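Notes to accompany the following structure.
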Amino acid sequence: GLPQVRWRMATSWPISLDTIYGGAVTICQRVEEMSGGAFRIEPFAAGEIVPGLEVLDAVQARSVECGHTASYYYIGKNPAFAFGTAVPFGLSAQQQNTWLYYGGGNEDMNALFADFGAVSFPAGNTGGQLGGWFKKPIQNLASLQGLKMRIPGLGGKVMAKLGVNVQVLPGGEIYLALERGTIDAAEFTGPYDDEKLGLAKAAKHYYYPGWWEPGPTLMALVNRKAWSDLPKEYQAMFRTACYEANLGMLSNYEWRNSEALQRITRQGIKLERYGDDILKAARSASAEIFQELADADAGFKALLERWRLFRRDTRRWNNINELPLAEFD
Amino acid sequence: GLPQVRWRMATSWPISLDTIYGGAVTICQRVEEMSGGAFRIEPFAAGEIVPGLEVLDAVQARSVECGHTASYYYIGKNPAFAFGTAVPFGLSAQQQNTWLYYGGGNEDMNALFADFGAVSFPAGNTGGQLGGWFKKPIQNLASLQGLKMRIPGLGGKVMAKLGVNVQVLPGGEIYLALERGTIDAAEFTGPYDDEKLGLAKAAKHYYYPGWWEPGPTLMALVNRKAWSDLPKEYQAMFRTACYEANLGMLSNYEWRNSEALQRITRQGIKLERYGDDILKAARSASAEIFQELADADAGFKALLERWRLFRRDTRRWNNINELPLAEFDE
Ligand SMILES: CCCC(=O)C(=O)O
Ligand SMILES: CCCC(=O)C(=O)O
Ligand SMILES: [Ca+2]
Ligand SMILES: [Ca+2]
């Protein structure tokens, strides 16, 4: 007889986003199915029991046993957490999964989460993000000066160096903030989530690419001690379920964003590519931010150099095995 | 008490093909771990209990309960099985997973396997394959006329329409055949597997891309009646373990191929892009082959048109959300 385990999972997400909230639900449903009801986890939307941006805090305190969040929400505690979500001009979703599972990423991220009493598992990806929504159209790089924009992580810091006034909001809050006039622009994920949250209603000017988040990972987090007290069978169920959340969510976003792109263009939204004045300035600002973080911390520097090497090698591989068919019509 | 289930899994793979055999091992180990030993599956290498090309036949007959194979080994039984692995100029591994899980592909493939008493689950990908190994560099499309090349499946049929003299050889045999002068060229999967077979020693010209296999799926198969007999808990364990095999294998190949590519370029291998004359002729010959299959069968035609639509839409999406960052090299 294995125990009846009953857990709660705090998430960073609103229930309306069945893509990303769906990853948390998948983990909870699958351990219940595999355990025949002996191992249950109740998922909660952002703000129900824990604020969306404080999932790691609640997991560390053990006010919940586990969570579903984005590591880059905690760059204030350790800028190295950025690599476990996405960094500007960083890894594709497929490269990010390769880096986590076989390039040393999951070991690097678990070493950081160990400092906050937690263990981490990849448990979602949005795939490549788009460039966000603007109430007024962008004319050139100088159009960004003084804009109030919702955008998190090191992407936010890059946009701040370009003169954007970066605002902190969980996904659920963006539409009201855009309507009330609190902000002038926002990015979230892509067509499917952006349209569902009402971003295409609040703003008409959509850009690409989302160079800040080329393949952002969502992590399942478990309290170290809660994880220790789990029998080996239930650890295996949870760990395996997170692979389904990770591959299942990426595939779900690819499908839903592909349909939503067609829907919003038919409904009147025009998608524009960012000018090279913005892309060049973003790349340069990103290099400056990573240089500063590296000079301030040998651990960050060492991780940045291992990740940069992984990135160079995997891009060289994908330039041969994938890019030629992607660009040939 | 849930039952003590003991199954056997027939695989299409030698144990030396370890990244792919590893997918089968992952499923077997993970259901044993999650069930605390109550659900065990014993994996077998190709030939040990069932020939590698007869996994589906063995699963249908229930001589084994489950299998790990490539749907495109069964195109002689139904050419529609091709889409469940890879087709020339088809889907990237990421697009292939999107198509299977959400685009209707798993439902299409399960309707085909239902004819043979089987249910199917995605359970691996090699990722994009390369264009194979050539002793002498290719000058142009006419250089392929009469060239003796190891290349199997629909890829071989396309290369045949380009005038290639298609040679059938096992993985293990290609090195000797290249050295002996028996064949002029050969493809397998990519740098990791190809280096282990000695192909970097036998030839200096490695072509790309492998337009015949842009993201080949490996499928777990279960006998429909064996699956029916399985408690709901063990079904969930098996189905979930196949997601780990699928994402795990692709990521493992990406890592191994990226490392092996660096080793073989240091060993003086030249990476050559196929000329547009070959890529245009191959795309056209592939479209002719799929046209003939479609004209001979309304069910094939319908599936080809659903897949072509999914492919157009996903490519349109990836041209926006991925290609811009992928094509700028620093
Ligand atoms: C990582 C998914 C959520 C996100 O991209 C964001 O909060 O912007
Ligand atoms: C998917 C493995 C089979 C193959 O690609 C080959 O033998 O060439
Ligand atoms: Ca975002
Ligand atoms: Ca091959």
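In this analysis, Cβ positions are derived from the backbone assuming ideal geometry, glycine residues included, and neighbour counts consider all displayed protein chains. Derivation of every value follows stated rules applied to the coordinates shown; laboratory data play no part.
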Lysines near B:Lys161 by alpha-carbon distance under 16 Å, same-chain residues fewer than 8 away left out - which ones?
B:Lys148, B:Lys280
Using a 7 Å offset from Cα along Cα-Cβ at B:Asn165, what residues in the stretch B:123-138 end up with backbone N under 14 Å from the label point?
none
Most mobile of A:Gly90, A:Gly181, A:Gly215 in a GNM of chain A (Cα contacts under 10 Å)
A:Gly181
Set of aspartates and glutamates near A:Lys196 by C-alpha distance (under 12 Å), chain-local residues within fewer than 8 positions excluded
A:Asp18
For the residues A:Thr19, A:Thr85, what sequence is obtained by ranking on other C-beta atoms within 10 Å, fewest first?
A:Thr19, A:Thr85
Mind telling me which of A:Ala200, A:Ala245, A:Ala111 comes out most flexible in a GNM of chain A, alpha-carbon contacts under 10 Å?
A:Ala111
Chain A - charge dipole about Cα centre, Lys and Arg +1 at Cβ, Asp and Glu -1, debye rounded to 20:
380 debye
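Out of the DSSP beta bridges found with both residues in chain B, what percent are antiparallel (nearest 5)?
45 percent
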Taking the DSSP beta bridges in the protein assembly as shown as the whole, what percent of them are antiparallel, to the nearest 5?
45 percent
Per-residue average of Cβ from other chains inside 10 Å of A:100-107
3
All-pairs alpha carbon distance profile, the stretch A:222-329, 5 Å steps from 0, percent:
2, 8, 7, 8, 14, 17, 17, 13, 8, 4, 1
GNM of chain B, Cα pairs under 10 angstrom: of B:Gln291, B:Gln167, B:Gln139, the biggest fluctuation goes to B:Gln139
Rounded to the nearest 5, what % of the DSSP beta bridges within the stretch B:99-232 are antiparallel ones?
65 percent
Charge sum, other residues only, whose C-beta stays under 10 Å from A:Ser35's C-beta, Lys/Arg counted +1 and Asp/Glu -1:
-2
Helix-only estimate, please: 222 nm mean residue ellipticity of chain B, summing -39500 (n - 2.57) across DSSP H runs of length 4 or more and dividing by its residues, to the nearest 500.
-15000 deg cm²/dmol
What does chain A give for Rg and for Dmax, in Å, if only its C-alpha atoms count?
19.6, 66
What shape does the stretch A:154-209 have by the C-alpha gyration tensor, where a ≥ b ≥ c are the square roots of the eigenvalues, rounded means a/c under 1.5, and otherwise prolate means a/b greater than b/c and oblate the rest?
prolate
From the Cα gyration tensor of the protein assembly as shown, with a ≥ b ≥ c the square roots of its eigenvalues, which class applies: rounded if a/c is under 1.5, or else prolate if a/b is larger than b/c, or else oblate?
oblate
